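Worksheet for the structure shown next.
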Amino acid sequence: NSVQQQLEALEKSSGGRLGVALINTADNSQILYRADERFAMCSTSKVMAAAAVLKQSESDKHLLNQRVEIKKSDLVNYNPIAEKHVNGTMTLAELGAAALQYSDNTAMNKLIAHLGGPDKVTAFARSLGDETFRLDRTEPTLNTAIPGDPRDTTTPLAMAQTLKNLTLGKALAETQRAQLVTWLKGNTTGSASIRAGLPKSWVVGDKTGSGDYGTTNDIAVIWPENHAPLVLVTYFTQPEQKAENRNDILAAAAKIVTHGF
Ligand SMILES: *[B]([O])([O])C1=[C]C2=C([C]=[C][C]=[C]2)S1
């Protein structure tokens, strides 16, 4: 059975909608499945927010050390790093780390509020040639992931193309590009997702995302031991609002598309 058939068989038994975009930078060949369809990004959009601040930091050498006050009121839901700093301060770099590596929502909203709001993250994405990405809301409401809702969505292919540009490509200056990579490699939240479908020795940098309707996402950059890097986006969402998240589906989708490398 072909990869396309394995992914269609995986989607069918899953009770949800599967979106996959793999980019093999060796020859820029692509494995695509619903790759032009819109999915709620959920926390995977946190990569774009941080990246935007890294871009700013190219022309402002004092930015990433700029201190930001964390008060109790700033605490939305789920603030694993930010809660440890209430009545204190975090630098933008520490916020960019917390947002990516622990999926901290306080950190995400601080980055958004610094940039000037969700529209500004959208604007940044556009400047990278990404005409699909759109961030509309702050945390946690950006995770409603309602079917048919265009807010806070993008497509697997577009997000794979942008992630490639951000981590391996021309989007950021070298120093900034290297920091984003370092941040993604040190993710702590992606063990049961794409990483679970790959060889253990492979190096991986990823940002997971989950929301309502069982929306379960993960976007990764993969460095094999004897091959060029791979960029993989795996998106998955389900019909019913209180569906269970399904990281195992992302691990399964990762294993299917990499069987050959
Ligand atoms: B993300 O997509 O990984 C997350 C979204 C929310 C979290 C906690 C509380 C509300 C939304 S983590």
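What you see of chain A is 31-291, where the numbers are those given in Swiss-Prot.
Each Cβ is built from the backbone N, Cα and C atoms, and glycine gets one as well.
What Swiss-Prot records for this protein:
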- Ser73: active site, acyl-ester intermediate (ACT_SITE)
- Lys237, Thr238, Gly239: substrate binding site (BINDING)
Remark   = Filtered by Cβ under 8 Å and at least 6 apart in sequence, the residues in the chain of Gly239 (substrate binding site) near it are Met71, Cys72, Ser73, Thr74, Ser75, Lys76, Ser133, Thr245, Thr246, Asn247, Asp248, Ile249
Query = What other residues of this chain sit with their CB within 8 A of the center of the CB atoms of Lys237, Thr238, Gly239, the recorded substrate site?
reply = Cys72, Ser73, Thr74, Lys76, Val77, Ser133, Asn217, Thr219, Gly220, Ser223, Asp236, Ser240, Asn247, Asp248, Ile249
Query = So, in DSSP terms, is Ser73 (active site, acyl-ester intermediate) helix, strand, or coil?
reply = helix
Query = Of the recorded positions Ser73, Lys237, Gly239, which ones put their CB under 6 Å from ligand 1?
reply = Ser73, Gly239
